[PDB]
């Protein structure tokens, strides 16, 4: 169920406006359509009720000389036209469903249309994209100078888990919208009546880094052999297919005399897994010196450290 109303309308004093309320997701001719007025900082005022099944219109005595109710079955749309408009009429007008058969109750309301009645000049919005400034994805749009009052904002994205926040306006008529993202591109779309002053602005800052997993294993003494060859195995799983660089260190000083054997284990599309083998002596392992395989990929230094278990 959805009752679609325009975001905002603008007229000049003495003119007439035709507000609409489009139905969706329910039987159009089975519910009453009420119209309710709300001025900022005030309560609710009932205007009129219209029966979409027939022509049953009923008005409050206060609004009889100003309001006219209409129903469009082919378009499934309710209408309220206001005439003799003054600044006293600038308000949000909601349409609401009411159930008639059996019990009497309300349920679904519209979002309301903000009607402004003014002869003042119009200032169209200025859209500036808000640069996140590295240190965090948080995008946003600043709607600087605009005027008769109302401004609406929507967002486009290439999917993703995205949240949006629309902030209240300043007394100097400035507005801000923001978007938090949980790798795509983004843009914001702003509408500013009169008419459709639809502006749009785009922004994006992408990323792309793959983090591999390191397993530093060790070949220990076979208890059946007098001498065992101690060898360290640096397994790098899931790195970028063509970007990996392995070096070895002992006590945090790079090993250059002994050569390591670095071979490819597996390829999975654009990813790969490799193993680097390095031999050390039994004395070096027994000395409780540390050993490190430093893997460099995409400018990132992953490391793995090992040492015989002391005590």
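Positions refer to the first chain, counted from 1.
In this entry, residue 182 and residue 183 are separated by 4 to 9 residues of the deposited sequence that lack coordinates.
Where residue 208 is followed by residue 209 in the displayed chain, the model omits none of the deposited residues that would sit between the two. Here the stretch with the larger average CA B-factor, out of 251 to 259 and 62 to 70, is 62 to 70.
In this entry, 159 to 167 shows the higher mean Cα temperature factor of the pair 159 to 167 and 213 to 221.
For the set 113, 87, 199, 228, the maximum C-alpha B-factor listed in the entry falls on 199. Note on the listed residues 233, 109, 101, 237: the highest Cα temperature factor in the record is that of 101. When the modelled residues of the chain are ordered by their C-alpha B factor, residue 57 lands in the middle third. Sorting the modelled residues of the chain by their CA temperature factor places residue 5 in the middle third.
When the CA B factors of the chain's modelled residues are split into thirds, the value for residue 282 lands in the lowest one.
In the PDB entry, a CA B factor belonging to the lowest third of its chain's modelled residues is recorded for residue 298. Looking at the C-alpha B-factors along this chain, the one for residue 266 belongs to the lowest third.
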